[PDB]
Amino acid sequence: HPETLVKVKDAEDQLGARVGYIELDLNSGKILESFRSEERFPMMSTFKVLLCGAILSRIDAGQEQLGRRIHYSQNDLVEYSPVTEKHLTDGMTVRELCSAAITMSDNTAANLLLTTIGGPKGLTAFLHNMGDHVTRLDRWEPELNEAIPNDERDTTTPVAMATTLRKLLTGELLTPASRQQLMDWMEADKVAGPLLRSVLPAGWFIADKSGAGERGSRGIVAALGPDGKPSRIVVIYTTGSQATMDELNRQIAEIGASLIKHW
């Protein structure tokens, strides 16, 4: 609805920073609304959804198993590894690592998963193969959150992310089992409290992943809908703002509140 686009521009202007928005029909793939949906933005932690999509894809093809255990050391640990720092001795399974990466945004977990598919370039290669020639990852956690102006590295567009995400949750991309798992992981997101979740009415379904980064970078990808079923995908990114984290959260939550209000 046009009134949501008004609030999107409001967030842009107030934030003093590019905001990127798209809303996509989960059923048809039809673009419902958009604003800067073809401009590149830092993917932030939102890339971890795509990462685990690639991983579930290797499982489907019998080149990986959900239950495979991986061991690592202290030296692999990077900033913000709430789950992985608690398993240096026992290791974690690929399932536990995707759960850590998606539901807890665990950084070292994301890196361990990435090593399995051949690094950032391997996730980029995977994405190419599934028909996304726009989204790219180039660096590892935490460096991929840097958001250097004009730097295309580690970016996607709202349209690319939305359509790739829609392809992973409802397409020929993954087996139904793998789709449901990715969805279930996103539904179990624990670290997007302040965003879309803050304004979501009781009874509504949400499966999401948020990110933050340097230079005021902030974003969220979500499958959401009323009556306990997702019917839409929403992608929001912003980069460049010098507003507070609270203000960034708030602007995104207000965009959510408009999209809910004008559903």
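Note that residue numbering follows the sequence shown and begins at 1.
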item: Higher-scoring stretch by recorded Cα B factor average, 198-206 or 37-45; value: 198-206
item: Greater mean Cα temperature factor according to the PDB record, 169-177 or 114-122; value: 169-177
item: Most elevated Cα B-factor in the entry, residues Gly193, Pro158, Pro142, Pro82; value: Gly193
item: Highest-ranked of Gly219, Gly67, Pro230, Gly53 once sorted by CA temperature factor in the record; value: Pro230
item: Entry-reported Cα temperature factor of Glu23, expressed as the chain third it lands in; value: highest
item: Modelled-residue ranking by C-alpha temperature factor, third containing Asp138; value: middle
item: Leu32 by Cα B-factor - lowest, middle or highest third of the modelled chain; value: highest
item: Ranked against its chain, the third holding the CA B-factor of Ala188; value: middle
item: Cα B factor band for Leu182 (lowest, middle or highest third within the chain); value: middle
